[PDB]
């Protein structure tokens, strides 16, 4: 019973799979991984294990994994092989097997940071099986064996759905045939905390720098504008250490970067206004400084609209 069940015809062996999530947890943005704890259910027909109900008298016979051949099912993206404990194995009279295990794996599914922290992610778990010489194996989904618990909580995220792509992608690698199945976790980030923790404070320190437009004092203007620039770096650093380095540009990264210009420009202005006022044309100096108090906030709200437009529209 070690080998695989023989086909009484010309046809491939269909394994029926399902995943029911018990724990979902440890989503790690920098590593782009998350940890999962679930039931795996497997079902297939090995007729060699078939038996007579009345002769045997038991409605169903129970086997150990070493007793019967079980197909080799792998996750494609996992750091290592999953840690699994076999819950139960059952054979129905005709040779239909019902396998149930409980596994803990660490899944590696890449993420999209463009709209961070407003982004939504689709996490992927890929099931795979390699066909043998004596026969070909093909995966399939049994939908009542697919679901998630109601206690499932991914900290800092909202779980929309866990569903499977029912048609497996069959393909050829190194002369054997592989059947790949895709289970998808769909989650949206909880953005609330980012607002009081990062976004608002980052605005306040910016607005504060603008009070330098109501001052003709260079010492106090420089001190003001430079000190708030520094604080904006602390936030820049804080944000960037908590994210992976993307080949592309994050929304927050844009905003954070745009704000770098407004500080640079405001230094020029502060510098210009003091250059005129030292050269005795405060006529222009206070005229520019008068325009600043308006243009600066307008071009901000302007830019932010354009940015938010490019990203979310």
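Positions refer to the first chain, counted from 1.
The mean Cα B-factor in the deposited entry runs higher for 43-51 than for the other of 28-36 and 43-51.
Of the two stretches examined, 255-263 and 283-291, the record assigns the greater average C-alpha temperature factor to 283-291. Within the selection 239, 173, 226, 127, the deposited Cα B-factor values reach their highest point at 173.
Note on 138, 76, 243, 132: the highest value goes to 132, judged by CA B factor as recorded. Sort the chain's modelled residues by C-alpha temperature factor and residue 157 lands in the lowest third, per the entry. Per the PDB record, residue ranking by Cα B-factor puts residue 213 in the highest third of the chain.
Sorting the modelled residues of the chain by their CA temperature factor places residue 13 in the middle third. Placement of the Cα temperature factor of residue 89 within the chain: highest third of the modelled residues, per the deposited record. Residue 201: CA B factor lies in the middle third for its chain, per the PDB record.
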